[PDB]
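Take a look at the structure below.
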Amino acid sequence: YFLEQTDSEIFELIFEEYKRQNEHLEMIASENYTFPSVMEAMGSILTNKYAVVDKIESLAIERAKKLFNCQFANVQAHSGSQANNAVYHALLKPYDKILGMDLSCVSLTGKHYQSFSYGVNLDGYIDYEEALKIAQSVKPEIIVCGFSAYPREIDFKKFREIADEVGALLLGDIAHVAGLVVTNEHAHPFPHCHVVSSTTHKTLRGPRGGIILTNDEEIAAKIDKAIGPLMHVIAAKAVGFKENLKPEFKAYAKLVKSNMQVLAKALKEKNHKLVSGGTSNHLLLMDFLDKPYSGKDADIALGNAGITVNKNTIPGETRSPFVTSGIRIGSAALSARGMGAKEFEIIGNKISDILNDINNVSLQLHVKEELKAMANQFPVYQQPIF
Amino acid sequence: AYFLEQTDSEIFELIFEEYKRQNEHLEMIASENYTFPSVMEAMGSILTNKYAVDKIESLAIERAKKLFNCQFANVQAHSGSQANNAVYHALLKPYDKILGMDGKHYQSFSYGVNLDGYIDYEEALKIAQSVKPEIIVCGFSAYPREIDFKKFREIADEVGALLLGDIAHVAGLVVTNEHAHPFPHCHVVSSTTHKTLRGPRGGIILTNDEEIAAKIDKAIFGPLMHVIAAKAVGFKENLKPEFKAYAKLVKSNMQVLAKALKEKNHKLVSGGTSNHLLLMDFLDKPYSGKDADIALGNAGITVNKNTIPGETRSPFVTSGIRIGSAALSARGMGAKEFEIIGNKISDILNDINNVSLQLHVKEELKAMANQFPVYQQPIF
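Structure representation (structure tokens):
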């Protein structure tokens with residue numbers, strides 16, 4: 003209750019963000035609402051500690080090993096991106112080659137690496153035969169899989185078959201589907217991957233941060249060497271992991287997926303096209319190649335109606351990368367608010383109504399009022415500070 | 002607080018145990034402190050959900080400009096260490112030379144203190160004239176006197192060097208005009224936001240040069261809005277008259293401590309202090325700094341061993357201890373307490389193997405600590 007009295011300007015900014023989170027429909031596939039108990043840990047007196068291993072870090076590691084079903088965890092990475100870079104820094108030599116995904120049909133981090141891409145077929149699925157052919161030619165030291173805008177499951181087993189044929193390490197970046205992995209609602213990356221990286225936020229609903237997992241003791245030792259401990263953040267990760275182990279979190283992961291199925295079905299019944307024909311996870315991609323509006327146009331129109339999505343290039347893209355021909359839409363945040371099939375059906379029909387009359391501003395403003403009323407039936411938080 | 006107490010008793014117990022630890026021992030490590038409660042409230046806010068330049072970042076920057084009396088601020092560094100590194104990365108090229116106090136390949140050179148414990152500025156000038164460093168760094172974590180930023184800029188100007196002032200260890204004294212200011216002498220200034228500023232764990236880089244500011248911004252460029265808000269909250273607290281009183285108390289408690297120790301005939305590096313810390317000198321005593329560290333720790337007084345000028349023992353053993361007043365001053369302790377503490381420190385040092393005495397002192401100081409609670413809750 004201090005800020006309410008001691009810092010009017012910060013309190014106003016927090017309160018307006020709290021109101022914004024509560025009153026609009028967050029459908030950016032990477033966004034989510036952290037658990038209240040995670041924020042309590044983030045705001046705890048553990049921030050004063052330390053300006067061989069704290070019990071709190073051992074507990075975070077123990078819970079991670081159980082949650083991710085692996086023998087070793089490092090919980091010190093500040094982000095999923097730092098987690099990936101620490102893996103490269105630990106396992107690669109200068110000018111080693113990295114083969115990773117992009118959604119199409130030289131780089132430094134202290135050390136210089138050579139970067140290569142594989143992609144999707146014209147139907148929007150990873151082309152594993154072509155990824156193998158690229159690997160055979162490129163001969164990468166490490167193959168990475170996992171991708172922020174892919175609406176289907178990663179076949180880690182097949183990627184390991186490729187990695188084994190060319191003698192590559194395999195890194196599974198599960199940052200974008202982690203809450204589905206740890207609830208057995210997405211194919212598991214182990215034992216196929218030599219090493220796995222993830223964020224702790226997004227579909228896991230923990231604090232902002234990264235993590236690195238492995239079953240190989242020598243990889244684990246190298247990771248520990250390549251990576258100031260923030261004890262409140264490590265505690266917050268541990269808090270999130272214990273929430274993630276509960277049966278309620280499996281029910282949440284199933285709702286994330288079923289809400290996506292409801293949304294996909296509603297859109298396809300209104301004759302909208304989806305990349306790959308639908309989804310098997312937390313996100314879909316709408317396909318506007320044959321529409322007179324762009325992904326950017328749709329992003330803005332839906333945003334005016336209180337629905338946040340993001341534009342996204344799609345396979346066969348014919349528009350510029352700043353404009354794009356698609357939008358990415360996710361269910362994780364609204365599912366965390368308790369919204370379900372009835373709500374996702376209404377949202378699908380409203381998205382269809384706007385895309386079918388995309389410059390009708392009064393329609394957008396009408397929809398915004400209706401969906402704000404829906405949001406207020408499913409409040410996110412009863413307070414802005416925990 | 003509520004949720005964790007019900008939903009995760011194991012983590013809640015660990016928080017409570019650490020809350021008791023903070024309250025029950027006398028924290029005198031010069032770099033430790035207790036963050037403002039309002040800063041932890043920002044840290045535990047819903048701002049963590051934003052973005053998986069914001070008005071929150073602009074407010075943090077504007078408050079930093081006012082607080083540090085400068086034209087530009089970058090508030091993104093995650094630590095004092097990252098802040099220094101970003102300065103080097105932004106302003107230096109490989110094999111450039113860095114003169115500081117004792134794929135980039137920066138080459139490091141050192142100046143030191145005379146045997147009286149003061150920075151030797153004549154020798155630092157001689158070294159700079161010969162080596163011609165591209166950058167000079169000043170500020171130091173175990174130095175009990177004020178940095179002469181003006182003299183360092185005279186040296187840097189002689190050789191055409193940049194001057195970085197690392198104020199991480201004295202920042203709360205600087206911004207209250209209780210320590211010489213680094214500007215306009217320094218081209219660039221780095222600091223932590225915790226320690227004597229009592230904000231969150233984090234870093235900051237300040238400058239008055241637009242070109243340097245542009246390079247800093249490119250060099251450090258995931259924004260953690262709860263952390264940036266927390267820095268902003270701390271800076272506003274640092275601007276209050278209450279915070280200048282706190283800085284004066286930090287310094288006056290250190291004077292009380294040094295006076296008490298010297299009057300019991302203990303020796304101090306440079307004979308005293310002008311800031312938040314002192315160094316005790318055990319070169320002529322049969323016990324080591326490690327001995328003193330352990331013995332005082334067993335009495336509930338937390339210090340750290342530290343090498344001193346003329347060190348003759350192993351660097352893992354040392355002939356001194358570093359003692360600071362910032363954390364106990366933040367709990368509200370004053371001269372009466374620091375006189376008692378100085379006396380008990382003396383009693384233990386004069387009988388360093390009396391373990392019964394250490395345990396007896398620990399119980400005695402428990403009542404004093406209980407009089408000055410750090411906080412009234414473990415979660416904000």
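Here the protein sequences come in this chain order: A and B.
All the letters of the first sequence, read from the start, carry residue numbers 3 to 53, 67 to 120, 130 to 251, 258 to 416 under the deposited numbering.
All the letters of the second sequence, read from the start, carry residue numbers 2 to 53, 68 to 117, 134 to 252, 258 to 416 under the deposited numbering.
The beta carbon of each residue, even a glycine, is placed where N, CA and C say it ideally should be.
Where does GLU165(B) sit, in a helix, a strand or coil, going by DSSP?
Coil, per DSSP.
Once the 5 residues before and after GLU25(A) are set aside, which same chain residues still bring their CB inside 6 Å of it?
Only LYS402 and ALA405 meet the Cβ criterion.
Does any residue of chain A have a CB that is nearer than 7 Å to the CB of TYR35(B)?
True, the Cβ-Cβ gap to chain A drops below 7 Å.
Nearest-angstrom Cα separation, counted from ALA266(A) out to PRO213(A)
If I take the Cα positions, the gap works out to 24 Å.
Applying the 10 Å Cβ sphere with the 16-neighbour rule, what's the burial state of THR309(B)?
Counting Cβ neighbours within 10 Å, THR309(B) comes out buried, since at least 16 surround it.
Using the Cα positions of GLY170(A) and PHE183(A), report the straight-line distance between them to the nearest angstrom.
Taking the straight line joining both Cα atoms gives about 11 Å.
Measuring straight from C-alpha to C-alpha, what distance separates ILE236(A) and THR223(A)?
In a straight line, the C-alpha of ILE236(A) is about 9 Å away from that of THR223(A).
Would you kindly check if the distance between the Cβ of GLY378(B) and the Cβ of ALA328(B) is under 7 Å?
The answer is no: Cβ separation not under 7 Å.
Per-residue contacts from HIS396(A) into chain B (C-beta, under 8 Å):
Chain B residues near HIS396(A): none, gap ~28 Å exceeds 8 Å.
Quick check: is the beta carbon of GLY234(A) nearer than 7 Å to any beta carbon in chain B?
No, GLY234(A) lies away from the interface with chain B (no Cβ there is under 7 Å from its Cβ).
Count the other CB atoms within 10 Å of the CB of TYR110(A); is the residue buried (16 or more) or exposed (fewer)?
Label assigned to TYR110(A): exposed.
For a contact defined as C-beta to C-beta under 9 Å, what are the partners of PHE279(A) on chain B?
Within chain B, no residue has its CB atom less than 9 Å from the CB of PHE279(A), the nearest being about 12 Å off.
Please report how far the alpha carbon of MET261(B) lies from the alpha carbon of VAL286(A), in whole angstroms.
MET261(B) and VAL286(A) have their C-alpha atoms roughly 26 Å apart.
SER161(B) versus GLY148(B), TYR142(B) and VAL168(B), residue with shortest Cα-Cα distance
Of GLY148(B), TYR142(B) and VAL168(B), the residue nearest in Cα terms is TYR142(B).
With H, G and I counted as helix, E and B as strand and the rest as coil, what does DSSP make of residue 252(A)?
No atoms are given for residue 252(A), which sits in the stretch of chain A between 251 and 258 that the model skips.
Go ahead and label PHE352(A) buried or exposed: buried means 16 or more other beta carbons lie within 10 angstroms of its beta carbon, across all protein chains shown.
Exposed is the call here.
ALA88(A) - partner residues in DSSP beta bridges
Its beta-bridge partners are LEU237(A).
Can you check the region 171-226 of chain B for any beta strand (DSSP E) of at least 3 residues that lies completely inside it and give the ranges in chain order?
Entirely contained in the region 171-226 of chain B, the beta strand (DSSP E) runs reaching 3 residues are, in chain order, 193-197 and 219-223.
On the three-state DSSP scale, how would you describe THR133(A)?
DSSP places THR133(A) in coil when its eight states are reduced to three.
What does a CB cutoff of less than 6 Å around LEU156(A) pick up in its chain, not counting 5 residues either side in sequence?
Spatial neighbours of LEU156(A) in its own chain (CB-CB distance under 6 Å, excluding positions within 5 residues in sequence) are listed in chain order as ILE186.
Taking 8 Å as the cut-off, does the region 33-49 of chain A touch the region 240-249 of chain A (at least 3 CB pairs, one atom from each stretch)?
No, they do not touch.
Cα-Cα separation, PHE87(A) to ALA244(A):
A direct Cα-Cα distance of roughly 6 Å separates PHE87(A) from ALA244(A).
Can you tell me which of the three DSSP states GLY360(A) falls into?
Three-state DSSP puts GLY360(A) in a strand.
Residues of chain A with CB under 9 Å from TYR103(B), in chain order?
Near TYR103(B) there are no residues of chain A at all, since even the closest Cβ is about 13 Å away, more than 9 Å.
Do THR227(A) and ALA268(A) have their C-beta atoms closer together than 7 Å?
In terms of Cβ geometry, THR227(A) and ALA268(A) do not form a close pair [threshold 7 Å].
Answer with buried or exposed for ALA366(A), where buried requires no fewer than 16 other C-beta atoms within 10 angstroms of its C-beta.
Around the beta carbon of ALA366(A), a 10 Å sphere encloses 16 or more other beta carbons of the protein chains shown; the residue is thus reported as buried.
Does the beta carbon of residue 253(A) sit closer than 7 Å to a beta carbon anywhere in chain B?
Residues lacking coordinates in chain A include everything strictly between 251 and 258, among them residue 253(A).
Within a Cβ cutoff of 6 Å, which residues of the same chain sit near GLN91(A), ignoring the five residues on either side of it in sequence?
Excluding residues within five positions, the ones whose Cβ falls inside 6 Å are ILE251.
Less than 7 Å separating the beta-carbons of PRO414(A) and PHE17(A)?
Yes, the pair counts as a contact, with Cβ atoms nearer than the cut-off.
What residue does the beta strand (DSSP E) around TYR142(B) start on, and which one ends it?
For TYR142(B), the uninterrupted beta strand (DSSP E) run begins and ends at 138-142, by DSSP.
Taking the Cβ atom as the reference point for each residue, do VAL305(B) and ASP317(B) lie within a distance shorter than 7 Å?
Yes, they are a contact pair.
Give the DSSP-derived three-state secondary structure of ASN386(B) in the structure shown.
Under the three-state reduction of DSSP output, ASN386(B) falls in the coil class, being neither helix nor strand.
Between the region 383-396 of chain A and the region 332-342 of chain A, do at least 3 Cβ pairs fall closer than 8 Å?
A contact between stretches requires three or more CB pairs, one per stretch, nearer than 8 Å, and the region 383-396 of chain A meets this requirement with the region 332-342 of chain A.
Which parts of the region 311-352 of chain A are runs of the beta strand (DSSP E), unbroken and 3 residues or longer, counting only runs that do not cross its ends?
You should have 313-317.
What does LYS112(B) pair with, by DSSP beta-bridge criteria?
For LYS112(B), which the question treats as bridged, DSSP gives the partners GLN138(B).
Count the other CB atoms within 10 Å of the CB of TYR35(A); is the residue buried (16 or more) or exposed (fewer)?
By the beta-carbon neighbour count (other beta carbons within 10 angstroms, threshold 16), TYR35(A) is buried.
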